[PDB]
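Everything below belongs to input_33.txt, which stores compact mmCIF, N, CA and C atoms and all ligand atoms.
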# COMPACT_ATOMS: atom_id res chain seq x y z
N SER C 1 95.08 99.08 114.46
CA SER C 1 93.74 98.51 114.21
C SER C 1 92.86 99.52 113.45
N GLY C 2 91.76 99.03 112.89
CA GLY C 2 90.84 99.89 112.16
C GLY C 2 90.17 99.15 111.02
N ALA C 3 88.97 99.59 110.67
CA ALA C 3 88.22 98.93 109.61
C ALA C 3 87.42 99.97 108.79
N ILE C 4 86.93 99.56 107.61
CA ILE C 4 86.04 100.39 106.79
C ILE C 4 84.69 99.73 106.94
N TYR C 5 83.63 100.52 107.22
CA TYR C 5 82.28 99.98 107.35
C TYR C 5 81.44 100.59 106.23
N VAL C 6 81.18 99.80 105.18
CA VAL C 6 80.41 100.25 104.02
C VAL C 6 79.29 99.26 103.78
N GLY C 7 78.04 99.75 103.74
CA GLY C 7 76.89 98.86 103.57
C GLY C 7 76.85 97.80 104.67
N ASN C 8 76.72 96.52 104.29
CA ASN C 8 76.78 95.44 105.27
C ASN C 8 78.14 94.72 105.22
N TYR C 9 79.21 95.48 104.99
CA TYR C 9 80.55 94.89 104.94
C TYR C 9 81.47 95.57 105.94
N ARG C 10 82.46 94.80 106.43
CA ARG C 10 83.53 95.28 107.30
C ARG C 10 84.83 94.89 106.57
N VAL C 11 85.65 95.89 106.18
CA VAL C 11 86.93 95.65 105.49
C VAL C 11 88.06 95.85 106.47
N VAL C 12 88.87 94.80 106.69
CA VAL C 12 89.98 94.87 107.63
C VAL C 12 91.25 94.33 107.00
N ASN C 13 92.44 94.59 107.65
CA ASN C 13 93.68 93.98 107.20
C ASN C 13 93.50 92.45 107.45
N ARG C 14 93.83 91.62 106.48
CA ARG C 14 93.69 90.15 106.63
C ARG C 14 94.44 89.65 107.86
N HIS C 15 95.63 90.24 108.11
CA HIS C 15 96.46 89.78 109.24
C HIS C 15 95.88 90.16 110.63
N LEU C 16 94.88 91.05 110.66
CA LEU C 16 94.21 91.48 111.89
C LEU C 16 92.77 90.97 112.04
N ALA C 17 92.31 90.14 111.10
CA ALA C 17 90.95 89.61 111.14
C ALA C 17 90.74 88.74 112.38
N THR C 18 89.56 88.87 113.00
CA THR C 18 89.20 88.12 114.21
C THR C 18 88.53 86.78 113.82
N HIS C 19 88.21 85.92 114.81
CA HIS C 19 87.49 84.68 114.53
C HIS C 19 86.10 85.03 113.96
N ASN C 20 85.44 86.09 114.49
CA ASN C 20 84.11 86.45 113.98
C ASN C 20 84.19 86.86 112.51
N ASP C 21 85.26 87.60 112.12
CA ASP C 21 85.47 87.95 110.70
C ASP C 21 85.55 86.67 109.83
N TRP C 22 86.39 85.69 110.23
CA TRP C 22 86.53 84.45 109.48
C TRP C 22 85.24 83.60 109.46
N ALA C 23 84.44 83.64 110.55
CA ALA C 23 83.19 82.91 110.63
C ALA C 23 82.06 83.58 109.82
N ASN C 24 82.25 84.85 109.37
CA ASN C 24 81.27 85.60 108.58
C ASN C 24 81.97 86.15 107.32
N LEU C 25 82.86 85.35 106.74
CA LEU C 25 83.70 85.75 105.61
C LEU C 25 82.94 85.97 104.31
N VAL C 26 83.24 87.09 103.64
CA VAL C 26 82.70 87.42 102.32
C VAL C 26 83.82 87.19 101.27
N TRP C 27 85.05 87.68 101.55
CA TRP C 27 86.16 87.58 100.59
C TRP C 27 87.48 87.86 101.30
N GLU C 28 88.57 87.21 100.86
CA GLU C 28 89.88 87.49 101.43
C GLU C 28 90.95 87.30 100.35
N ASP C 29 92.04 88.04 100.45
CA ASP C 29 93.14 87.93 99.49
C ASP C 29 94.43 88.24 100.24
N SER C 30 95.25 87.20 100.49
CA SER C 30 96.52 87.34 101.20
C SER C 30 97.51 88.25 100.45
N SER C 31 97.54 88.18 99.10
CA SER C 31 98.46 89.03 98.34
C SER C 31 98.18 90.53 98.52
N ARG C 32 96.93 90.90 98.85
CA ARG C 32 96.54 92.30 99.07
C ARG C 32 96.43 92.71 100.56
N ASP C 33 96.59 91.73 101.49
CA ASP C 33 96.40 91.91 102.94
C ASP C 33 94.99 92.42 103.22
N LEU C 34 93.96 91.91 102.47
CA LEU C 34 92.58 92.36 102.71
C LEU C 34 91.64 91.19 103.08
N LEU C 35 90.66 91.48 103.94
CA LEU C 35 89.60 90.53 104.29
C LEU C 35 88.33 91.32 104.49
N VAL C 36 87.22 90.81 103.96
CA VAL C 36 85.92 91.47 104.11
C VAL C 36 84.95 90.49 104.76
N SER C 37 84.27 90.92 105.83
CA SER C 37 83.28 90.09 106.53
C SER C 37 81.90 90.81 106.49
N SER C 38 80.82 90.05 106.78
CA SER C 38 79.48 90.64 106.78
C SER C 38 79.11 91.22 108.15
N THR C 39 78.28 92.30 108.16
CA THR C 39 77.85 92.93 109.39
C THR C 39 76.31 92.93 109.49
N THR C 40 75.78 93.00 110.72
CA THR C 40 74.34 93.07 110.89
C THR C 40 73.87 94.51 110.68
N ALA C 41 74.62 95.50 111.20
CA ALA C 41 74.24 96.90 111.01
C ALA C 41 74.90 97.50 109.77
N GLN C 42 74.27 98.53 109.18
CA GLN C 42 74.83 99.19 108.00
C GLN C 42 75.84 100.26 108.40
N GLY C 43 76.91 100.34 107.63
CA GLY C 43 77.99 101.29 107.87
C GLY C 43 77.81 102.59 107.12
N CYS C 44 78.62 103.60 107.52
CA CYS C 44 78.56 104.99 107.04
C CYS C 44 79.66 105.42 106.07
N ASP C 45 80.70 104.59 105.90
CA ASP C 45 81.78 104.96 105.00
C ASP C 45 81.35 104.81 103.54
N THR C 46 81.83 105.69 102.70
CA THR C 46 81.59 105.69 101.25
C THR C 46 82.96 105.41 100.58
N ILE C 47 83.00 104.52 99.58
CA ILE C 47 84.26 104.19 98.92
C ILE C 47 84.48 105.15 97.75
N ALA C 48 85.70 105.66 97.62
CA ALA C 48 86.09 106.54 96.51
C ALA C 48 86.15 105.74 95.21
N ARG C 49 85.69 106.34 94.11
CA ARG C 49 85.79 105.67 92.81
C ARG C 49 86.49 106.73 91.94
N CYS C 50 87.83 106.66 91.90
CA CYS C 50 88.67 107.72 91.28
C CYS C 50 90.12 107.28 91.07
N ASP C 51 90.98 108.20 90.52
CA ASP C 51 92.41 107.92 90.43
C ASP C 51 93.21 108.98 91.18
N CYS C 52 92.65 109.53 92.29
CA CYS C 52 93.36 110.51 93.12
C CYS C 52 94.71 109.94 93.59
N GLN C 53 95.71 110.80 93.67
CA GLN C 53 97.02 110.47 94.22
C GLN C 53 97.36 111.41 95.38
N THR C 54 96.37 112.16 95.92
CA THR C 54 96.56 112.99 97.11
C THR C 54 95.36 112.73 98.03
N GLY C 55 95.64 112.68 99.31
CA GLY C 55 94.60 112.40 100.28
C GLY C 55 95.09 112.62 101.69
N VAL C 56 94.41 112.03 102.66
CA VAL C 56 94.76 112.20 104.07
C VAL C 56 94.61 110.87 104.76
N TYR C 57 95.57 110.46 105.61
CA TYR C 57 95.43 109.18 106.33
C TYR C 57 95.48 109.36 107.84
N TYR C 58 94.89 108.43 108.59
CA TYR C 58 94.95 108.45 110.04
C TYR C 58 96.08 107.59 110.55
N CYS C 59 96.92 108.18 111.43
CA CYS C 59 98.07 107.52 112.06
C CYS C 59 97.81 107.41 113.58
N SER C 60 97.38 106.23 114.05
CA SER C 60 97.07 106.07 115.48
C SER C 60 98.27 106.30 116.41
N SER C 61 99.51 105.97 115.95
CA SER C 61 100.73 106.20 116.76
C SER C 61 101.10 107.68 116.92
N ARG C 62 100.37 108.57 116.25
CA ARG C 62 100.56 110.02 116.43
C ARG C 62 99.23 110.73 116.77
N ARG C 63 98.08 109.99 116.79
CA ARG C 63 96.72 110.56 116.97
C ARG C 63 96.51 111.75 116.02
N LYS C 64 96.94 111.59 114.78
CA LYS C 64 96.89 112.66 113.80
C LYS C 64 96.54 112.15 112.43
N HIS C 65 95.90 113.03 111.65
CA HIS C 65 95.57 112.77 110.24
C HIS C 65 96.59 113.60 109.44
N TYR C 66 97.31 112.96 108.51
CA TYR C 66 98.34 113.62 107.71
C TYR C 66 97.96 113.68 106.24
N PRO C 67 98.15 114.85 105.59
CA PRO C 67 97.94 114.93 104.13
C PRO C 67 99.16 114.31 103.41
N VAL C 68 98.90 113.49 102.41
CA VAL C 68 99.99 112.79 101.71
C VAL C 68 99.74 112.69 100.23
N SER C 69 100.84 112.58 99.46
CA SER C 69 100.79 112.23 98.06
C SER C 69 101.14 110.74 98.03
N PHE C 70 100.41 109.94 97.24
CA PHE C 70 100.64 108.49 97.23
C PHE C 70 100.71 107.93 95.83
N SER C 71 101.44 106.82 95.67
CA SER C 71 101.62 106.22 94.35
C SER C 71 100.36 105.46 93.86
N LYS C 72 100.31 105.11 92.57
CA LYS C 72 99.18 104.34 92.03
C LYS C 72 99.30 102.88 92.54
N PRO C 73 98.16 102.17 92.70
CA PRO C 73 98.22 100.78 93.22
C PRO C 73 99.15 99.89 92.37
N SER C 74 100.11 99.23 93.02
CA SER C 74 101.15 98.46 92.34
C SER C 74 101.54 97.17 93.10
N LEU C 75 102.44 96.37 92.48
CA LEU C 75 102.99 95.15 93.06
C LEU C 75 104.34 95.60 93.66
N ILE C 76 104.22 95.85 94.98
CA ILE C 76 105.22 96.50 95.93
C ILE C 76 106.02 95.57 96.85
N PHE C 77 107.35 95.67 96.64
CA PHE C 77 108.27 94.64 97.43
C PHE C 77 108.43 95.03 98.89
N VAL C 78 107.79 94.25 99.76
CA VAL C 78 107.70 94.44 101.26
C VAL C 78 108.48 93.37 102.10
N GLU C 79 109.37 93.87 102.88
CA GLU C 79 110.22 93.06 103.75
C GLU C 79 109.46 92.41 104.94
N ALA C 80 110.07 91.30 105.38
CA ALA C 80 109.47 90.54 106.48
C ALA C 80 108.84 91.37 107.57
N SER C 81 107.59 91.04 107.87
CA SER C 81 107.17 91.58 109.21
C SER C 81 106.56 90.47 110.09
N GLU C 82 106.04 90.88 111.25
CA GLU C 82 105.41 89.80 112.00
C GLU C 82 104.40 89.01 111.21
N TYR C 83 103.85 89.50 110.15
CA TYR C 83 102.68 88.85 109.48
C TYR C 83 102.83 88.21 108.09
N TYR C 84 103.68 88.68 107.26
CA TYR C 84 104.03 88.11 105.98
C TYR C 84 105.50 88.13 105.89
N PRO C 85 106.08 87.16 105.26
CA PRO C 85 107.49 87.12 104.92
C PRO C 85 107.72 88.11 103.77
N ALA C 86 108.94 88.56 103.73
CA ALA C 86 109.34 89.44 102.58
C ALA C 86 108.67 88.86 101.34
N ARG C 87 107.94 89.66 100.67
CA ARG C 87 107.34 89.26 99.43
C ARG C 87 106.88 90.43 98.62
N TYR C 88 105.98 90.09 97.63
CA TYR C 88 105.45 91.10 96.63
C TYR C 88 103.93 91.25 97.01
N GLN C 89 103.55 92.40 97.51
CA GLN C 89 102.17 92.68 97.92
C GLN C 89 101.50 93.44 96.77
N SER C 90 100.32 92.98 96.33
CA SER C 90 99.65 93.61 95.20
C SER C 90 98.65 94.70 95.63
N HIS C 91 98.27 95.59 94.68
CA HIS C 91 97.32 96.69 94.89
C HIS C 91 97.74 97.61 96.06
N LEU C 92 99.05 97.78 96.25
CA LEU C 92 99.64 98.58 97.32
C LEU C 92 100.07 99.98 96.82
N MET C 93 99.80 101.04 97.61
CA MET C 93 100.18 102.41 97.27
C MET C 93 101.13 102.91 98.35
N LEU C 94 102.22 103.62 97.98
CA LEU C 94 103.16 104.09 99.00
C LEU C 94 103.12 105.61 99.14
N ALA C 95 103.44 106.07 100.36
CA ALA C 95 103.57 107.51 100.65
C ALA C 95 104.66 107.69 101.70
N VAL C 96 105.18 108.90 101.82
CA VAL C 96 106.15 109.22 102.86
C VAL C 96 105.35 109.59 104.10
N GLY C 97 105.55 108.83 105.15
CA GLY C 97 104.85 109.08 106.40
C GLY C 97 105.18 108.07 107.48
N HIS C 98 104.94 108.66 108.70
CA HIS C 98 105.30 107.88 109.93
C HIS C 98 104.28 106.78 110.17
N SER C 99 104.74 105.60 110.60
CA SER C 99 103.81 104.52 110.94
C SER C 99 104.48 103.41 111.78
N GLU C 100 103.74 102.74 112.73
CA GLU C 100 104.19 101.60 113.54
C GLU C 100 103.24 100.43 113.21
N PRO C 101 103.56 99.16 113.58
CA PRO C 101 102.75 98.04 113.14
C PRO C 101 101.31 98.27 113.58
N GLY C 102 101.12 98.59 114.78
CA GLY C 102 99.80 98.94 115.31
C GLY C 102 98.89 99.85 114.58
N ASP C 103 99.39 100.52 113.54
CA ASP C 103 98.57 101.56 112.85
C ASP C 103 97.77 100.88 111.74
N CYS C 104 98.20 99.67 111.49
CA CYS C 104 97.48 99.09 110.37
C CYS C 104 96.05 99.24 110.80
N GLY C 105 95.25 99.52 109.78
CA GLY C 105 93.84 99.82 110.12
C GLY C 105 93.38 101.18 109.58
N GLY C 106 94.21 102.11 109.69
CA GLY C 106 93.92 103.54 109.55
C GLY C 106 93.45 103.86 108.14
N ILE C 107 92.41 104.70 108.01
CA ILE C 107 91.87 105.01 106.68
C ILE C 107 92.65 106.08 105.94
N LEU C 108 92.83 105.87 104.63
CA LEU C 108 93.36 106.88 103.68
C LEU C 108 92.11 107.34 102.90
N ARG C 109 91.85 108.64 102.83
CA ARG C 109 90.66 109.16 102.15
C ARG C 109 91.00 110.34 101.24
N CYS C 110 90.18 110.55 100.22
CA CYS C 110 90.34 111.70 99.32
C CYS C 110 88.98 112.45 99.25
N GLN C 111 88.83 113.44 98.33
CA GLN C 111 87.57 114.16 98.18
C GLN C 111 86.38 113.24 97.82
N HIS C 112 86.65 112.06 97.25
CA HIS C 112 85.59 111.14 96.82
C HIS C 112 85.15 110.11 97.88
N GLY C 113 85.96 109.91 98.93
CA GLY C 113 85.63 108.91 99.95
C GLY C 113 86.84 108.11 100.39
N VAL C 114 86.61 106.89 100.92
CA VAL C 114 87.72 106.06 101.40
C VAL C 114 88.47 105.46 100.22
N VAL C 115 89.79 105.56 100.23
CA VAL C 115 90.70 105.03 99.20
C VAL C 115 91.29 103.67 99.57
N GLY C 116 91.64 103.51 100.84
CA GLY C 116 92.25 102.28 101.32
C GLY C 116 92.58 102.31 102.79
N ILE C 117 93.36 101.31 103.28
CA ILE C 117 93.73 101.30 104.71
C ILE C 117 95.21 101.04 104.84
N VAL C 118 95.87 101.68 105.80
CA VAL C 118 97.24 101.27 106.06
C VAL C 118 97.45 99.74 106.07
N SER C 119 98.56 99.24 105.55
CA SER C 119 98.84 97.79 105.42
C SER C 119 100.36 97.52 105.66
N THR C 120 101.22 98.55 105.49
CA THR C 120 102.70 98.40 105.63
C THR C 120 103.47 99.74 105.83
N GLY C 121 104.81 99.59 106.02
CA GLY C 121 105.63 100.76 106.44
C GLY C 121 107.00 100.41 107.09
N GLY C 122 107.68 101.40 107.59
CA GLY C 122 109.07 101.33 108.01
C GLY C 122 109.90 102.30 107.09
N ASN C 123 111.09 102.65 107.57
CA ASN C 123 111.95 103.44 106.65
C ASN C 123 111.32 104.86 106.53
N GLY C 124 110.23 105.12 107.16
CA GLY C 124 109.54 106.45 107.08
C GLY C 124 108.54 106.45 105.88
N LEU C 125 108.09 105.30 105.53
CA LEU C 125 107.19 105.12 104.33
C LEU C 125 106.00 104.42 104.84
N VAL C 126 104.84 104.67 104.17
CA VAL C 126 103.68 103.85 104.59
C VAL C 126 102.97 103.25 103.46
N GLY C 127 102.36 102.07 103.63
CA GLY C 127 101.60 101.61 102.35
C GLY C 127 100.15 101.42 102.65
N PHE C 128 99.23 101.73 101.74
CA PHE C 128 97.87 101.44 101.99
C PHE C 128 97.46 100.35 101.03
N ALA C 129 96.66 99.52 101.39
CA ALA C 129 95.99 98.53 100.54
C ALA C 129 94.80 99.26 99.88
N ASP C 130 94.80 99.35 98.54
CA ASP C 130 93.72 100.00 97.82
C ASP C 130 92.43 99.20 97.86
N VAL C 131 91.27 99.90 97.89
CA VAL C 131 89.96 99.25 97.79
C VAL C 131 89.09 99.86 96.68
N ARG C 132 89.59 100.88 95.93
CA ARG C 132 88.79 101.56 94.92
C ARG C 132 88.35 100.67 93.75
N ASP C 133 89.05 99.54 93.51
CA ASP C 133 88.69 98.63 92.42
C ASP C 133 87.63 97.56 92.86
N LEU C 134 87.29 97.49 94.16
CA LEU C 134 86.32 96.51 94.67
C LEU C 134 84.91 97.09 94.55
N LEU C 135 84.42 97.15 93.32
CA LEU C 135 83.12 97.78 93.04
C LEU C 135 81.95 97.15 93.77
N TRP C 136 82.04 95.83 94.02
CA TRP C 136 80.98 95.10 94.72
C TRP C 136 80.73 95.58 96.15
N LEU C 137 81.67 96.35 96.74
CA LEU C 137 81.44 96.87 98.10
C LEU C 137 80.22 97.80 98.14
N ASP C 138 79.85 98.44 96.98
CA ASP C 138 78.74 99.39 96.86
C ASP C 138 77.36 98.77 96.71
N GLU C 139 77.24 97.43 96.72
CA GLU C 139 75.94 96.78 96.51
C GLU C 139 75.80 95.44 97.27
N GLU C 140 74.63 94.77 97.15
CA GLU C 140 74.36 93.44 97.71
C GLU C 140 74.74 93.33 99.19
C1 LIG Y 201 102.36 100.17 108.66
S1 LIG Y 201 103.14 98.51 108.99
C2 LIG Y 201 104.73 98.92 109.65
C3 LIG Y 201 104.88 100.21 110.14
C4 LIG Y 201 106.11 100.64 110.62
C5 LIG Y 201 107.17 99.80 110.61
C6 LIG Y 201 107.03 98.52 110.13
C7 LIG Y 201 105.82 98.03 109.67
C8 LIG Y 201 105.74 96.56 109.32
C9 LIG Y 201 106.10 96.29 107.88
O1 LIG Y 201 105.29 96.52 107.05
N1 LIG Y 201 107.31 95.81 107.53
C10 LIG Y 201 108.11 95.28 108.63
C11 LIG Y 201 109.39 96.07 108.76
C12 LIG Y 201 109.76 96.86 107.55
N2 LIG Y 201 110.84 97.64 107.70
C13 LIG Y 201 111.40 98.12 106.60
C14 LIG Y 201 110.96 97.87 105.32
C15 LIG Y 201 109.86 97.05 105.18
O2 LIG Y 201 109.47 96.57 104.00
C16 LIG Y 201 109.19 96.58 106.30
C17 LIG Y 201 107.86 95.88 106.21
ZN ZN Y 202 89.48 110.65 94.79
Is it possible to express this structure as structure tokens?
Amino acid sequence: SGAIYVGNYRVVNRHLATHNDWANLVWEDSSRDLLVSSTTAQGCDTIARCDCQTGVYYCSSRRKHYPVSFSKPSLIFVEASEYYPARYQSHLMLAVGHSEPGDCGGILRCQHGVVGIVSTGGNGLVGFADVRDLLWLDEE
């Protein structure tokens, strides 16, 4: 579990969105595993606007933040899990690192701010769903 709180938005994995998220929906995209809902209070996270390929992510199954090198956002072939059938997930970045289903949520960050959130893994690999191209998160 885990979310990004920026301005009056809450960014979560689409497959982990609650009824309150769907009842206060701003935007969702199944191909990216992302959903954004509105919040009453303002959040403290800042979104990175960059092309960094090194950062640090939070892994709840280890209670640790790991430094990682990660690929550029791409259309990444992901095998069946409890939530999506094997398919092609877009705007996905991969890194070598430990992860369990429960970790989805965890923030990947660089020197500029939040880059994305865990979205996939297995095989000793993890994927984050990128958010750096969602410029509208910084306003309205
Ligand atoms: C951070 S989510 C996660 C973490 C640890 C393990 C599995 C997942 C779920 C997932 O994404 N799957 C399910 C199984 C799996 N296994 C091997 C190759 C895969 O493509 C997939 C895709
Ligand atoms: Zn950066």
Out of stretch 2-134 of chain C, which residues get strand (DSSP E) from DSSP, as a ChimeraX atom specification?
/C:4-13,25-29,34-44,54-59,64-69,74-78,87-96,107-110,113-122,125-130
Residues within 5 Å of ligand ZN 202 (chain Y) should be enumerated using all atoms listed in the file and returned as an MDAnalysis selection string.
chainID C and resid 50 52 110:112
Could you name the residues that touch residue C:57 at 7 Å or less, counting only N, CA and C atoms, but leaving out those on the same chain fewer than 6 positions away, as a ChimeraX atom specification?
/C:64-68,106-109
Report as AutoDock Vina command-line options the centre and the edge lengths, in Å to one decimal, of the axis-aligned box holding every listed atom of stretch 82-96 of chain C, padded by 8 Å on each side.
--center_x 103.3 --center_y 98.4 --center_z 103.3 --size_x 28.0 --size_y 38.5 --size_z 33.3
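The gap separating atom C of residue C:22 from atom CA of residue C:9 is 13.0 Å, in Å to one decimal.
For the residues C:74, C:15, C:37, C:56, ranking by smallest atom-to-atom distance to residue C:113 using only C-alpha atoms places C:56 first.
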Please report the interatomic distance between atom C of residue C:14 and atom N of residue C:35 in Å with one decimal.
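Between atom C of residue C:14 and atom N of residue C:35 the gap is 5.7 Å.
Between ligand LIG 201 (chain Y) and the residues C:88, C:5, C:115, C:140, the shortest atom-to-atom distance, using only C-alpha atoms and all ligand atoms, involves C:88.
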Around ligand LIG 201 (chain Y), at most 6.5 Å away and counting all atoms listed in the file, which residues are there? Put them as an NGL selection string, please.
:C and (77-82 or 98-104 or 118-123 or 126-127)
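Across the model, the gap from atom N of residue C:2 to atom CA of residue C:51 is 24.2 Å.
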Kindly output stretch 13-28 of chain C as a PDB file, in the frame of the given file, after building N, CA, C and O atoms.
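Produced file selection_4.pdb, reproduced below:
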ATOM      1  N   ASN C  13      92.440  94.590 107.650  1.00  0.00           N
ATOM      2  CA  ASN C  13      93.680  93.980 107.200  1.00  0.00           C
ATOM      3  C   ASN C  13      93.500  92.450 107.450  1.00  0.00           C
ATOM      4  O   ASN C  13      93.046  92.058 108.532  1.00  0.00           O
ATOM      5  N   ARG C  14      93.830  91.620 106.480  1.00  0.00           N
ATOM      6  CA  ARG C  14      93.690  90.150 106.630  1.00  0.00           C
ATOM      7  C   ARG C  14      94.440  89.650 107.860  1.00  0.00           C
ATOM      8  O   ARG C  14      93.912  88.833 108.623  1.00  0.00           O
ATOM      9  N   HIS C  15      95.630  90.240 108.110  1.00  0.00           N
ATOM     10  CA  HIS C  15      96.460  89.780 109.240  1.00  0.00           C
ATOM     11  C   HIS C  15      95.880  90.160 110.630  1.00  0.00           C
ATOM     12  O   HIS C  15      96.338  89.641 111.651  1.00  0.00           O
ATOM     13  N   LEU C  16      94.880  91.050 110.660  1.00  0.00           N
ATOM     14  CA  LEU C  16      94.210  91.480 111.890  1.00  0.00           C
ATOM     15  C   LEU C  16      92.770  90.970 112.040  1.00  0.00           C
ATOM     16  O   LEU C  16      92.097  91.318 113.010  1.00  0.00           O
ATOM     17  N   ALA C  17      92.310  90.140 111.100  1.00  0.00           N
ATOM     18  CA  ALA C  17      90.950  89.610 111.140  1.00  0.00           C
ATOM     19  C   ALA C  17      90.740  88.740 112.380  1.00  0.00           C
ATOM     20  O   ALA C  17      91.642  88.007 112.788  1.00  0.00           O
ATOM     21  N   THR C  18      89.560  88.870 113.000  1.00  0.00           N
ATOM     22  CA  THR C  18      89.200  88.120 114.210  1.00  0.00           C
ATOM     23  C   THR C  18      88.530  86.780 113.820  1.00  0.00           C
ATOM     24  O   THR C  18      88.197  86.585 112.643  1.00  0.00           O
ATOM     25  N   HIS C  19      88.210  85.920 114.810  1.00  0.00           N
ATOM     26  CA  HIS C  19      87.490  84.680 114.530  1.00  0.00           C
ATOM     27  C   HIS C  19      86.100  85.030 113.960  1.00  0.00           C
ATOM     28  O   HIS C  19      85.674  84.377 113.029  1.00  0.00           O
ATOM     29  N   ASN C  20      85.440  86.090 114.490  1.00  0.00           N
ATOM     30  CA  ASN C  20      84.110  86.450 113.980  1.00  0.00           C
ATOM     31  C   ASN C  20      84.190  86.860 112.510  1.00  0.00           C
ATOM     32  O   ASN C  20      83.331  86.476 111.714  1.00  0.00           O
ATOM     33  N   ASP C  21      85.260  87.600 112.120  1.00  0.00           N
ATOM     34  CA  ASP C  21      85.470  87.950 110.700  1.00  0.00           C
ATOM     35  C   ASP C  21      85.550  86.670 109.830  1.00  0.00           C
ATOM     36  O   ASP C  21      84.891  86.593 108.808  1.00  0.00           O
ATOM     37  N   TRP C  22      86.390  85.690 110.230  1.00  0.00           N
ATOM     38  CA  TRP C  22      86.530  84.450 109.480  1.00  0.00           C
ATOM     39  C   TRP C  22      85.240  83.600 109.460  1.00  0.00           C
ATOM     40  O   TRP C  22      84.961  82.952 108.449  1.00  0.00           O
ATOM     41  N   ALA C  23      84.440  83.640 110.550  1.00  0.00           N
ATOM     42  CA  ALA C  23      83.190  82.910 110.630  1.00  0.00           C
ATOM     43  C   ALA C  23      82.060  83.580 109.820  1.00  0.00           C
ATOM     44  O   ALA C  23      81.016  82.973 109.628  1.00  0.00           O
ATOM     45  N   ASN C  24      82.250  84.850 109.370  1.00  0.00           N
ATOM     46  CA  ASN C  24      81.270  85.600 108.580  1.00  0.00           C
ATOM     47  C   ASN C  24      81.970  86.150 107.320  1.00  0.00           C
ATOM     48  O   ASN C  24      81.719  87.284 106.890  1.00  0.00           O
ATOM     49  N   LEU C  25      82.860  85.350 106.740  1.00  0.00           N
ATOM     50  CA  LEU C  25      83.700  85.750 105.610  1.00  0.00           C
ATOM     51  C   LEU C  25      82.940  85.970 104.310  1.00  0.00           C
ATOM     52  O   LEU C  25      82.142  85.122 103.896  1.00  0.00           O
ATOM     53  N   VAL C  26      83.240  87.090 103.640  1.00  0.00           N
ATOM     54  CA  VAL C  26      82.700  87.420 102.320  1.00  0.00           C
ATOM     55  C   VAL C  26      83.820  87.190 101.270  1.00  0.00           C
ATOM     56  O   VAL C  26      83.595  86.549 100.235  1.00  0.00           O
ATOM     57  N   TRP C  27      85.050  87.680 101.550  1.00  0.00           N
ATOM     58  CA  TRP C  27      86.160  87.580 100.590  1.00  0.00           C
ATOM     59  C   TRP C  27      87.480  87.860 101.300  1.00  0.00           C
ATOM     60  O   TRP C  27      87.519  88.676 102.209  1.00  0.00           O
ATOM     61  N   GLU C  28      88.570  87.210 100.860  1.00  0.00           N
ATOM     62  CA  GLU C  28      89.880  87.490 101.430  1.00  0.00           C
ATOM     63  C   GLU C  28      90.950  87.300 100.350  1.00  0.00           C
ATOM     64  O   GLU C  28      90.803  86.441  99.469  1.00  0.00           O
TER      65      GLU C  28
END
